[PDB]
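First, one chain by itself in structure tokens, the form described as "open state" in its entry title.
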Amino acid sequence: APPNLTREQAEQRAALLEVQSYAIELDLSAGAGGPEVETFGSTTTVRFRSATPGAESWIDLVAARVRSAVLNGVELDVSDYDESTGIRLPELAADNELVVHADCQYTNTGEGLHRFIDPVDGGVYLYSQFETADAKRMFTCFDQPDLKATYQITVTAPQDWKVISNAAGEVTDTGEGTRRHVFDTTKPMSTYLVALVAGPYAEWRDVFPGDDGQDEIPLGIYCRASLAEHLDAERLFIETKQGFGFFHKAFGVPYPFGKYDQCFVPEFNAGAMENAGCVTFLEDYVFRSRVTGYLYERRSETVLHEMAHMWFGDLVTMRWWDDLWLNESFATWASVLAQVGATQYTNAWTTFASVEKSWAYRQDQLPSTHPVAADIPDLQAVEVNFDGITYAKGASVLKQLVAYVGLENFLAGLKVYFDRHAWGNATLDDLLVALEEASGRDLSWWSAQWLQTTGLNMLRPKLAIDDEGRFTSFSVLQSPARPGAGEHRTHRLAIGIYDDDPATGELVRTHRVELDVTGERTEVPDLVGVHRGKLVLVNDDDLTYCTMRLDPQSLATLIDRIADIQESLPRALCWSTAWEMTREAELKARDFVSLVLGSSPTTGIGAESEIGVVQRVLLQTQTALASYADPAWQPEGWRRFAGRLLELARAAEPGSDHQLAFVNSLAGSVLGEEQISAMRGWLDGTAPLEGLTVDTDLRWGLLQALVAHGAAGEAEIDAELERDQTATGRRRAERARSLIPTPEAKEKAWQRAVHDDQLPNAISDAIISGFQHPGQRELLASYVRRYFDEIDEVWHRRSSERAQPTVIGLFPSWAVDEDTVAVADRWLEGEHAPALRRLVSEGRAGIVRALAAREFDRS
């Protein structure tokens, strides 16, 4: 039970102490032994200064036992030691020295010095993970980011093992089964950035050739042995080299640490870690299969994300953890800049927009949303106060800060900031000021608008044109931020005009204006007299964080010309804007489906190069068919859609994501005779779609589609169960059982689902998962009113954790009716648990929204 350091405790210790250097010795000789090994030898010698001689302080440590601890000559009383209390340090001198001999535990969790035995070759692999505060599990330290120091690490290793750390080292053979690894003293670092990576790791090497004031850099890659066959080292070294050439130009600071080693470590909890000069990666980035291009891009971004930290995080580190959002956010942004600037992934801002940004917007519109910047009063707070929104929205708003300051200014203040604060600590405000100095902007209000609030502002353009089509006036209307306080933020955004390219007839940008948008209305005089083209795009370049609307004329053009938009970022914004206008009843549902389907499989989404956007659009199109479309037009809608899914898939590249995407969409769609015919053929080899590999997942999905339409019965599911029985498989089979279209099958599920008292929680969700379908609306009418009637008693019956998914999942979002809305209010009358009402409220709103759009579609 390690200590929950508080912001105050850290501030007080930071006030009093200044740490100079750490000397660490570790006995890892017993490490290559078997599971009975539980401890290792950690001897820490720390030199530090105190500015109130005679005061009492404390140093952090988490160990099995403490052999001895000797402050300034005196042997200290370790009899009472507990990890939650560390080591009190009374009678401090002005200059102190502490030596501590202890025995630390290896771990099997993510934290501290983690230990793993490869079940295949029996070899033992060690790695460390110290963020936020696990450094104390290896050595004695003041474990808080603002007491930086240099480290001199020496390890005694089994002789088969390599030992990688922050700095480069030298090895001398001990000839007793071991080797001794002495690593250079490092430059100053925080405790959680210290690395130790020890084992029989496969090892490559390469070097980034030095240039432009940047010295050469020794690079290496490591991974377990078994995994070494699948390591594309060549590729990784090219992407590492692209990054090092980019970042020192951009930042104006050469790589601060000596070499750059990157290790792929087993059982890694956190994906990647930016230990200085020793970056760690989870094993999923070692591609063991023919792998999709999105995975390469994602991996490329991840490598770049950690490399960025060398400067921002490792060279200048925060003071306390409430700047953790800024640290990761900046890195996220820097790595998309690098990808676009120096890698093959020149479409990176598009990916960012459809993946991280879209996700941020989705989260930020729910009632769960919270601001980026949270108060972090103690260490435990970090884990609960910063979540995905923090990071997804953090990156997106830092991108807008870059736009507002201006990129060249921003990069210019980065240099001031890295030089001003290098090998030291720094706050948000320390960086806002550097940026004020570089650009003359006033950012005193910025955090209060963007980091401390929630919700999105809408931007709608207000325009007028003359007989010639040239703007006579152009204003941007900003709406209050919702959900939230309702403030109007300040944006730097661009506006782009798109017109036919005479040579190709494709929509290309013919004009671009940038401006500060402020308050509830902003004028755009740079557009007066400019021809309005065919498409007017506010928030072009996706520089700001908002909800955008298209004018009526641009909207009409889009329906018939979206695939002709030459660039992917503008084309992705319109896919986004069209869906948001469908959600809000400004784009008729039927007209969104027409946007999506296009004239041909070569127009609309059939033409979208971007896999992320295709997936989202396909998913959103289904949602528009099931809920926003009008019942009269809906039967046709589904046929048109499943018709197009089928052609799109029978046209896509063979192992392509796009081909897979069209299959998976067809799977969840409502099908006609041919669709079922072809799909049935795909599970069999009767008529395989070429290149379409059918794994269990896809096979199960295809069957779930077959079974859901009556084309496949219980027997068909049952045999697939013989083909595969797994924890995942039972669930997958259970979902199929629930989908069969018969009241008896549904009746079984409601009771089994709602009422399986003794059913595993895995299975409950899988029983509900298949309980709904776009095409069984008639088959579910009974459960509309009964869910409301029943839920009360299950809420009182089941636990908090179990009950909420059942209410959310079985909420009758399939019945979009005034009747069902009326029933929601009817249920709403009786007093019920606030948490139960909390769900019915979210749930009811979805039905209401769907009904207003159902209506606009009729309009």
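We call the rigid core whatever largest set of C-alpha positions still superposes within 1.5 Å between the two forms. Counting begins at 1, following the sequence as shown.
This next part talks about the form described as "closed state" in its entry title, which is not shown.
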Shifted position (C-alpha, 2 Å or more, core held fixed) between this form and the one not shown, chosen from 286, 225, 233, 780: 780
Core-aligned C-alpha movement of residue 616 between this form and the one not shown, 2 Å or more: yes
Shift of residue 801 between this form and the one not shown at or above 2 Å (CA, core fit): yes
Core-aligned C-alpha movement of residue 485 between this form and the one not shown, 2 Å or more: no
